[PDB]
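Below is one structure; the comments refer to it alone.
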Amino acid sequence: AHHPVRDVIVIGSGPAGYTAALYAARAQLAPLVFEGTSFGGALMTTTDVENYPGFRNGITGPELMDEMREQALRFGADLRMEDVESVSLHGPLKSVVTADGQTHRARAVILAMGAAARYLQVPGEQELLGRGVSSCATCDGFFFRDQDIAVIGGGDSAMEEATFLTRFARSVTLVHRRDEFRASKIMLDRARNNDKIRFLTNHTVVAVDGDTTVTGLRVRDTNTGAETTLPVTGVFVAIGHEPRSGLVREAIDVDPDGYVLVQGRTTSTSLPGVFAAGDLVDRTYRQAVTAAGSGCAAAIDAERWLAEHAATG
Amino acid sequence: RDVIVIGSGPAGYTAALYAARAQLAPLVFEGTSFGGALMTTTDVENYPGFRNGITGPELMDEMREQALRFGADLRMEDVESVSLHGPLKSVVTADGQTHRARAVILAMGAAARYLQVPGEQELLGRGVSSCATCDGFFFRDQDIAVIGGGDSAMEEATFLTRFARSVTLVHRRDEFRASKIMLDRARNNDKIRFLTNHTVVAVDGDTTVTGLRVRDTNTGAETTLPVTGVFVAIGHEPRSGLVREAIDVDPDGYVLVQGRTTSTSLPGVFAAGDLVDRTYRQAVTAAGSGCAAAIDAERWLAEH
Ligand SMILES: Cc1cc2nc3c(=O)[nH]c(=O)nc-3n(C[C@H](O)[C@H](O)[C@H](O)COP(=O)(O)OP(=O)(O)OCC3O[C@@H](n4cnc5c(N)ncnc54)[C@H](O)[C@@H]3O)c2cc1C
Ligand SMILES: Cc1cc2nc3c(=O)[nH]c(=O)nc-3n(C[C@H](O)[C@H](O)[C@H](O)COP(=O)(O)OP(=O)(O)OCC3O[C@@H](n4cnc5c(N)ncnc54)[C@H](O)[C@@H]3O)c2cc1C
Ligand SMILES: NC(=O)c1ccc[n+]([C@@H]2O[C@H](COP(=O)([O-])OP(=O)(O)OC[C@H]3O[C@@H](n4cnc5c(N)ncnc54)[C@H](OP(=O)(O)O)[C@@H]3O)[C@@H](O)[C@H]2O)c1
Ligand SMILES: NC(=O)c1ccc[n+]([C@@H]2O[C@H](COP(=O)([O-])OP(=O)(O)OC[C@H]3O[C@@H](n4cnc5c(N)ncnc54)[C@H](OP(=O)(O)O)[C@@H]3O)[C@@H](O)[C@H]2O)c1
Ligand SMILES: [Mg+2]
Ligand SMILES: [Mg+2]
């Protein structure tokens, strides 16, 4: 057999990863994709995705992901459910190392490892993920029409999130661990003006009650005191996100919070032949359509760079 | 109202879908002639989510009907004028009625430039494509042509050699309007054959492109390239005419947007889809930017 040199390796599942895989495959770049031992993206918990254009009746998160995945496979993507520990990006013939110690190399690399939402890690929380507890108001906010809900955080996100929710919720109760707020004095100012916004300062969350649905939010420390229950039917966490740039952070330019910077209005990182899609880069709109778009854009950018770069030949 | 959306298509519809779900009560002017670039596409295979592919119109209808479901007001009529300066923006329909909003989302996209030769429009998406990243796959091992003498025609034709066994680049003049590296790369490709000083005049075939009727040979005339697929690469024309005095556009007419966002050069005015994008003209891309416009506009509206 002739063991050729691969054109593209993709790091990451999720809409950005799989769309890139789909495009690269269809462009006969024979993409090798490392899905992760724990594959899928943020959508593997979302019960009903209603704002992915094309699905008038909505689609289950995982259903959507399997289709993207199966699409990718159909055009010849090599998908592998394993993790990348190391990544050498400098030079032509880039390199990637999996958890088993095996090295896998390619001419271009598509970074699409996304970004984990920061969670409270309180007993009831992960259980009710996407059946009461969301981390995204632009996604799930609709599903809480006229309900009494909470928003957890004291930052610009928590403010923006909670303010936005007021168009659906009748009560948005903004809960926060400390007295001051690490958020802006305009976002706070806007939050304070909203008649549906109620503040709960110096209170940490202790649990999230309910079996099928959020039933209450167990608060605790009242600066000095302790224990209480906000009778809410939905809890939006707004602690921020943690982009998965650890493999790449300082071979490549990243912002202070760890998001990969990309050149101009493109997907090209600060290293030739290395490209970045999805929420690993995007910190403004964390949608699947936007992830899928950028994923596609990576694959096209990479094609062009490859074409430009074998073409001297 | 908070937001008026100008344009149907993936960018328009996704923006509408998002705005609607955000309870911004979006008014969308679809155009008297709906749909986008996809209303001609027979089989869409690289829109992520559709393992079995979907017909262009089918996909569009779903996007449309999705938008309707979350409370979009869709109107199949044309906007003739657009006043964007100030708060309380304005739009005027072909019937002379004014419709106003706080924000506006420009999503009028960009029409591919066609030859307008009798056979061509009839076989649109059944032989004649305007997009190699889209339809290139469908031409495996076929003899095809690419029409143009610019960098697109070069890029397009060079890309297609991955699938086609012959890509025959036909062009009206001796001299090529394209770059001398794109040309250079086009010349080095074994599968690339040039046809200079030749205009196209028809496209033969009923169910499929069967030949490409070539024309004037500088002095001579008439001939037939036995091709089974014709890719047009004459460029695109972005529909910025309503907006091209108020908002910043590039020389070719594409709306410039601020940084990595959808905001044009006028506060409260936003641009998505192929009206802005001139590098990847995909539906996923347009849908993405559509959505990004809605979110940008919501945040701008909320900021106040
Ligand atoms: C409840 C909910 C509802 C939502 N609703 C919508 C909606 O309606 N419409 C919409 O468009 N969006 C929606 N979203 C947002 C959407 O989930 C995200 O924007 C999307 O998941 C981003 O994908 P990504 O590819 O950028 O990264 P991710 O989704 O995180 O996927 C990237 C990944 O890469 C893998 N990975 C990372 N590093 C490695 C490594 N070193 N080795 C191997 N694998 C690795 C991980 O396993 C993960 O799968 C919703 C989200 C949630 C949580
Ligand atoms: C043959 C073909 C195959 C394709 N295949 C794929 C594919 O497989 N996968 C993929 O991802 N992409 C594909 N594409 C590309 C995709 O179709 C485009 O990116 C998409 O159509 C762009 O949509 P848009 O929102 O930019 O607006 P466009 O689609 O460019 O146009 C939308 C429209 O908006 C309306 N409009 C314009 N001006 C006004 C106005 N002033 N007032 C009211 N309405 C107005 C018009 O009615 C028009 O229909 C294909 C394109 C073609 C032609
Ligand atoms: N331009 C923008 O604003 C933009 C737009 C959209 C999204 N974003 C995203 O938003 C982030 C920006 O920061 P942010 O707005 O999220 O604020 P943040 O800086 O992340 O603030 C987090 C604060 O929330 C509180 N908190 C964290 N964990 C808690 C817990 N377990 N229990 C109780 N309280 C807890 C803490 O307050 P204390 O430490 O004070 O106790 C913590 O300091 C970025 O990561 C970005 O991804 C940014
Ligand atoms: N940068 C890229 O490589 C690339 C990538 C993606 C998208 N695009 C987009 O595609 C366009 C790039 O420009 P382009 O290379 O397509 O050229 P263009 O800028 O769109 O110009 C069109 C030219 O095509 C020529 N032409 C070729 N054949 C013709 C014919 N049969 N009849 C009439 N005119 C004919 C004409 O000039 P002559 O006949 O004198 O040559 C005409 O001026 C831009 O709109 C850009 O947004 C480009
Ligand atoms: Mg955040
Ligand atoms: Mg073009």
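Backbone-built Cβ (ideal geometry, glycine too); neighbour counts: all protein chains shown. Nothing in this text is a laboratory measurement; each read-out follows from the coordinates by a stated rule.
Can you list residues whose amide H is under 5 Å from A:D221's amide H, if they're 5+ apart or on another chain and H is modeled 1.01 Å from N?
Correct list: A:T204, A:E227.
Would you order A:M44, B:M76 from fewest to most other beta-carbon atoms within 10 Å of each residue's own beta-carbon?
Placing the least packed residue first, the sequence is B:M76, A:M44.
At 0.36 nm per residue, minus the direct Cα-Cα distance, what do A:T98 and A:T47 gain on full extension? Give it in nm, one decimal, please.
Taking 0.36 nm per residue and subtracting the Cα distance, the gain is 15.3 nm.
Which of B:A271, B:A72, B:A11 moves the most in a Gaussian network model of chain B with Cα springs under 10 Å?
Of the options given, B:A72 has the highest mean-square fluctuation.
Which distance in nm do the two modelled labels at A:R283 and B:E58 give, with both placed 7 Å along the Cα-to-Cβ direction?
4.1
Count, for each residue of B:290-298, the Cβ atoms from other chains sitting within 10 Å of its Cβ, then give me the mean as a whole number.
Mean shielding count: 4.
On C-alpha positions alone, give me the angle between the axis of helix B:283-303 and the longest principal axis of chain B, in degrees, nearest 10.
20
What number, in percent, do you get for the relative contact order of chain B if the mean sequence gap of Cα pairs under 8 Å and at least 6 apart is divided by its residue count?
Answer for chain B is 21 percent.
Just want the ordering: B:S179, B:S129, from fewest to most Cβ atoms lying within 10 Å of their own Cβ.
Ranked by crowding around the Cβ, least crowded first: B:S179, B:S129.
Could you point to the residue in B:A22, B:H85, A:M113 farthest towards the positive end of the protein assembly as shown's charge dipole, with +1 and -1 charges on the Cβ of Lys/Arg and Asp/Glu respectively?
Farthest along the dipole direction, towards plus: B:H85.
Efficiency by 1/(1 + (r/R0)^6): what FRET value for A:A310 and B:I234, r their Cβ-Cβ distance, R0 = 25 Å, to the nearest 0.05?
0.35
Helix A:61-74 against the longest principal axis of chain A: what's the angle in degrees, Cα atoms only, rounded to the nearest 10?
Computed tilt is about 0 degrees.
Work out how much length B:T32 to B:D216 would gain on full extension: take 0.36 nm times their residue separation and subtract the Cα-Cα distance, in nm to one decimal.
The span from B:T32 to B:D216 would gain 62.5 nm if fully extended.
Considering region B:229-304, what Rg and Dmax in Å follow from its alpha-carbon atoms?
Using the Cα atoms of region B:229-304, the pair Rg, Dmax is 13.5, 52 Å.
Just from its helices, what would the mean residue ellipticity at 222 nm be for the protein assembly as shown, if runs of 4 or more DSSP H residues each count -39500 (n - 2.57) and the sum is divided by every residue, rounded to the nearest 500 deg cm²/dmol?
-7000 deg cm²/dmol, from helical runs alone.
What percent of all Cα-Cα pairs in chain A falls in each 10 Å bin, counting up from 0?
Answer for chain A: a P(r) of 6, 26, 29, 21, 13, 4, 1, 0 percent.
Looking only at Cβ-Cβ distances, which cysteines of chain A have no other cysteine closer than 4.7 Å?
Taking the Cβ cut-off of 4.7 Å, the unpaired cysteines of chain A are A:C296.
Just tell me which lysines come within less than 20 Å, Cα to Cα, of B:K180; anything on the same chain fewer than 8 places away is out.
Excluding near neighbours in sequence, the set is B:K191.
Tell me, B:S33, B:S289, B:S90 in order of fewest to most beta-carbon neighbours within 10 Å?
B:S33, B:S90, B:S289
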